[PDB]
């Protein structure tokens, strides 16, 4: 529906997702930055029964940076909300964790925020 489609964030990354009736999110992610290449599988969940007011729809998805081409031994999870309308938007904040030794654990997680704009005409 509103979430299903093709999106892009401020970095130029590509986000193609499909929203299922049971609240499931599946698709592929293509990052424009970092030790990444081509498409990576993504999986998430969303509130399939949001508030009818002016509230956004809570959702989230994960991407392990490993495919048949590269492995950055890391995973990112995006958490945010879908805001519908003429100009659909997905505002997120993310956590990127890397696999590290017990000694380097304190510096294993980066935090950021991505804003997605919908395309798919």
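We call the rigid core whatever largest set of C-alpha positions still superposes within 1.5 Å between the two forms. Positions refer to the first chain, counted from 1.
- Larger root-mean-square CA separation from the shown form, computed after a rigid core fit of the structures in 5 other deposited structures of this protein, is seen for 85 to 93 when 55 to 63 is set against 85 to 93.
- Core-fitted comparison in 5 other deposited structures of this protein shows that, between 4 to 12 and 111 to 119, the CA atoms farther from the shown form belong to 111 to 119.
- Two stretches are in play, 72 to 80 and 34 to 42, and the higher mean C-alpha B-factor belongs to 34 to 42.
- Of the two segments, 19 to 27 and 105 to 113, the one listed with the higher mean B-factor is 19 to 27 (C-alpha atoms only).
- Per the PDB record, 86 has a higher Cα B-factor than any other of 90, 86, 96, 58.
- For residue 62, the recorded CA temperature factor ranks within the lowest third of the chain's modelled residues.
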